[PDB]
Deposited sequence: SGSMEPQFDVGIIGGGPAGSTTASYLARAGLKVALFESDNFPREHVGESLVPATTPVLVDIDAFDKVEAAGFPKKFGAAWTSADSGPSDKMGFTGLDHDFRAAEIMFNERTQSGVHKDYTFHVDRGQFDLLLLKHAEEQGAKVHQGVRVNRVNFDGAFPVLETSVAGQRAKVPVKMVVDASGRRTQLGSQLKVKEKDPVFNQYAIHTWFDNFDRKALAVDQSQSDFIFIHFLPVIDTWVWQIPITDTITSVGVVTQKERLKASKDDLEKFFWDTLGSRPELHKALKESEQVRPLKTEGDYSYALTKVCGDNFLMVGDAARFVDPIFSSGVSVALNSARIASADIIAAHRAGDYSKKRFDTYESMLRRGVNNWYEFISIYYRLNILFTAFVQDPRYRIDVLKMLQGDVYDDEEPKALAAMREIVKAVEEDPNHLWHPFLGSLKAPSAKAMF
């Protein structure tokens, strides 16, 4: 039998977190990362559901010590003021133009702080990858996994070392290759979402004064997500340091030169546009895929996928890294139990498969509602009857519940509205549907 219990493809948040859980449990873990860290990567704003996982693997203190900007909350704004009839919803202080939350408004199990972080992902992924090594994981960088061979009793990772093929047998493979979906693509189980086909254009700016433009100065270090309903396009502002800010524009592929589209979109708000033009652009505009997909298989005999390698959803709720960390957590529990049973057949991962489906279905449905009736999202966040149940989702706490209270409530309102073209809210239904 192979020396190594588990071979991990990729050393981003999902891969490094998996390595840390498994190494801490005493399994022999080999991890292979194609790049050398640090390397640039989008996806910077965390939610607090990352916290219990960072504490589990004892990485929270290092992350806190690194000096990433603290994130106490989030704001979602829209260009649409919405209907005059608020239908009994309260807390809409700016019509339907603005919703805002602080994470500390709801007590979250395993979370001991009022804040999470926004992170330079180059630095964050390096920090976590070195941490995994310190836990006892065997980490390789500059070493790509080209394929997984299933011809033997145990899977073999075919890696590439200076143009040479190095075949590494392991008992169990974890694909944590992110959007590269290394194993899902090999197995041909990857299904692109017919509807969520987003792409992003984004960069960093230096010496843009977040606090100067903020309508609530105390909130200048929140993430801000601005929605443009008419063109189903969103715009992010994410703190990177005290002086650097990440700004991105996200839109359907069909709607997509690029530099001009980026700026015209930001120009929907002349003084943000101005402030950014007058700041220092510290990186080229980058355009990348942001499209949704799901694998029809996320596990099988001697393999499973975690993080983006398993599924992707539009990160309007800053969800991705929390899925990476929590899929790692849940998958690692099944792997440790499988190791204890001396068997890695598909059934060993039934719980991981169900929980991943449940949690990311919850995100997907939440995201669907945001797009389908955005004014209802705004109302549910703001109205104190529903705010806390909605905040549970926004905190990333989506693994608890096959049928979250807020999601079911919102779902039937969308239905009621869809099925009555007389509804005063009917005209606000968005074109992006399920």
Self-check item: Ranges missing from the model, given as deposited sequence positions
Solution: 1-4, 261-265, 444-450
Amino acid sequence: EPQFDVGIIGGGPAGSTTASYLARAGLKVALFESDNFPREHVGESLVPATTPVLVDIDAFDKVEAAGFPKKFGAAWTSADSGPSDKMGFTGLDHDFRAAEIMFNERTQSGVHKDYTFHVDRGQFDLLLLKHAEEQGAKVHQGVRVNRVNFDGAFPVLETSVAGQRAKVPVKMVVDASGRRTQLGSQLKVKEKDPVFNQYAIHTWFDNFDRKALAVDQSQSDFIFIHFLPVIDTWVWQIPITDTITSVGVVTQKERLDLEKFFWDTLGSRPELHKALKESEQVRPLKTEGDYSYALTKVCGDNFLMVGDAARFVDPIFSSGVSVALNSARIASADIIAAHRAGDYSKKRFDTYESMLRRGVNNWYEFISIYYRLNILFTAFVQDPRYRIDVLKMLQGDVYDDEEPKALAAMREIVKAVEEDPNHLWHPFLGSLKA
From here on, numbers count along this sequence of modelled residues.
Practice problem: Could you settle it for me: does 41-49 or 383-391 have the higher average Cα B factor in the PDB entry? | Solution: 383-391
Quiz item: Do the C-alpha atoms of 77-85 or of 121-129 have the higher average B factor in the entry?
Solution: 77-85
Self-check item: Residue with highest C-alpha B-factor in the PDB entry, from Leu22, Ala14, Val417, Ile9
Solution: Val417
Self-check item: From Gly320, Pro194, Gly248, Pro239, residue of greatest CA B-factor
Solution: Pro194
Practice problem: Could you look up the Cα B-factor of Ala409 in the entry and say which third of the chain it sits in: lowest, middle or highest? | Solution: highest
Quiz item: By the record's CA B-factor, is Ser177 among the lowest, middle or highest third of residues in the chain?
Solution: lowest
Practice problem: For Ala333, return the chain-relative third of its C-alpha B-factor as stated in the PDB record: lowest, middle or highest. | Solution: middle
Quiz item: Ranked by Cα temperature factor within the chain, is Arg348 in the lowest third, the middle third or the highest third?
Solution: lowest
Practice problem: State the tercile, meaning the lowest, middle or highest third, of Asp114 with respect to the CA B-factors recorded for its chain. | Solution: middle
